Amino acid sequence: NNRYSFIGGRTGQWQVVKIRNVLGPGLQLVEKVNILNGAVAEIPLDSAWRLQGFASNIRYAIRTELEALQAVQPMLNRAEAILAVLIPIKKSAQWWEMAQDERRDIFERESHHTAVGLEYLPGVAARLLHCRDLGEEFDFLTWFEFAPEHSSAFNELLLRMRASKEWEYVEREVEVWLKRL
């Protein structure tokens, strides 16, 4: 199953440390996030929101970039990786109307998204889910986990990405900061 749900509520594997509503409408503060490898039909009664997305095929990375990523990408659930961040992201209609070469050029040629990100592996385990096609309010769910010693580096990564040409097309973004229970 390539579908995952993130339920904000009073149960889950992750305790919410804080929620930062970076751009556009935020997400209601909750105690925990519950991650499930499947679709959940309705938001539970005592829960505040449900996000969902699916794992999918590569859209932009070229073979040499994939080879570099797979060489350093860490697994999930490392013993030391007790911190995580869930960052749902929505991109603008102007982004989605662009052609494939236009979006690839902004993504890598102009913003160096992969090249910049590669600097912060193997410290940071990063994963991507897609959800525009499900009709969700966000387009992507991005997931990161790392040990506390890499907290400052991860903030530096965020600083760099938010200044990139690609981020001129981000129109909604929320950070859910988490600690493993």
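From 1 onward, residues are counted along the sequence shown.
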property	result
Stretch with the greater mean C-alpha B-factor as recorded in the entry, comparing 114-122 against 136-144	114-122
Given 48-56 and 35-43, the range whose Cα B-factors average higher in the PDB entry	35-43
Deposited CA B-factor, highest of 29, 128, 131, 68	68
Which of 181, 178, 174, 7 ranks first by CA B-factor in the deposited coordinates	181
Residue 22 by Cα B-factor - lowest, middle or highest third of the modelled chain	highest
Lowest, middle or highest third - CA B-factor, residue 100	lowest
Where the record places residue 72 (Cα B-factor, split into thirds across the chain)	highest
CA B-factor ranking of residue 79, expressed as a third of its chain	highest
